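As a starting point, one isolated chain is supplied in structure tokens, in the form deposited in one PDB entry.
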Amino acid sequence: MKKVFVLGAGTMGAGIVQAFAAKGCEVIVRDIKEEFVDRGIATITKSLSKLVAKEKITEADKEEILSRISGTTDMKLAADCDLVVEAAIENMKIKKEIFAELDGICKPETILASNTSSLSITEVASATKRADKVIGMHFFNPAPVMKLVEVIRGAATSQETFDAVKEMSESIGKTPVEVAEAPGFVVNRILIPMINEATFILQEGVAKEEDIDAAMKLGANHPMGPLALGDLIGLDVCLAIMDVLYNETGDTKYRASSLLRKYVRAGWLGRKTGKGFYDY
């Protein structure tokens, strides 16, 4: 593969763009308004020169990265990409429309991947005439740094598509891992209920915030506590995944705490709002 189309210039999207571009790929990023497109190319530029500002790479690098990246608000520029990675809104009806469009636009070889945290690759695939070519390719924030890629096979995803996405992952310096589509895949299915369990502990008067977090840091050697991790992931993203696990499985085991819900309702979403489990 040489060329990649990335939908969404949000923070995941922008990270995905940088992860591909930084490793020699051509990347066209597409969003709904060029203010959005511009914001992302900015995010990356910032990102890169923070790196130059630690000798990690050079300006010759920084510039050759950025030359690999174009922006657009027009879906039609996906036509010739060898890969598409969709990092757009976590909404199935929309995703289905997006993928139906890419299917009409892209050359028959283009592989269409979602970065969806939660949602059905299979169902998305079914909106297309190339189910064998649709797959999940799931990165973790910040995508330039986190080395894991979950490669999620839908029911109809072929051995060849899997192999290609697996190879692509390797060539951009990540470690791919095979997942048969199921709710939450592997990482979030394990990780998010951990955070939710911390909010039950808090709700129930068992321990206060800083104690809960020190407990997992010093008691299990976790790099962050679950409440802080929450604030980093975004509490709305946390909530949404718990609601998807619960809804998919029908299993109350995955019920989100009322407390997590209250916080999301209050707009105390974490770092990005200045307030989550902690005041920032």
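Start at 1 with the first residue shown and count on from there.
One more form of this protein exists, namely the form deposited with a small molecule bound; it is left out here, but the text below deals with it.
Exactly one listed residue, out of 82, 90, 132, 209, brings a non-hydrogen atom to within 4.5 Å of the small molecule in the deposited bound form: 90. Screening 151 to 159, 115 to 123, 198 to 206, 171 to 179 for residues having heavy atoms within 4.5 Å of the small molecule in the deposited bound form returns a single hit, 115 to 123.
Residue contact check for residue 246: none of its heavy atoms lie within 4.5 Å of the small molecule in the deposited bound form. Although the partner is absent here, residue 36 is a contact residue: one of its heavy atoms lies within 4.5 angstroms of the small molecule in the deposited bound form. None of the heavy atoms of residue 270 is located within 4.5 Å of the small molecule in the deposited bound form. The closest heavy atom approach of residue 231 to the small molecule in the deposited bound form falls outside 4.5 Å. Every residue of the trio 12, 30 and 95 has some heavy atom no more than 4.5 Å from the small molecule in the deposited bound form.
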